[PDB]
Amino acid sequence: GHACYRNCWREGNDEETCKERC
């Protein structure tokens, strides 16, 4: 499971960015 809300943002996106995705 699940990195689309873990380091998803920590890479080079915001906490909302992944939101629209995952």
# chains A, B, ... in the order shown; residues from 1 in each chain; ligands from 1
$ select_by_dssp --residues "chain A" --states "helix (DSSP H, G or I)" --output "list in words"
residues 7, 8, 9, 10, 11, 12, 17, 18, 19, 20 and 21 of chain A
$ residues_around --residues "residue 3 of chain A" --least-positions-apart "2" --cutoff "12 Å" --atoms "only C-alpha atoms" --output "list in words"
residues 1, 5, 6, 7, 8, 9, 10, 11, 18, 19, 21 and 22 of chain A
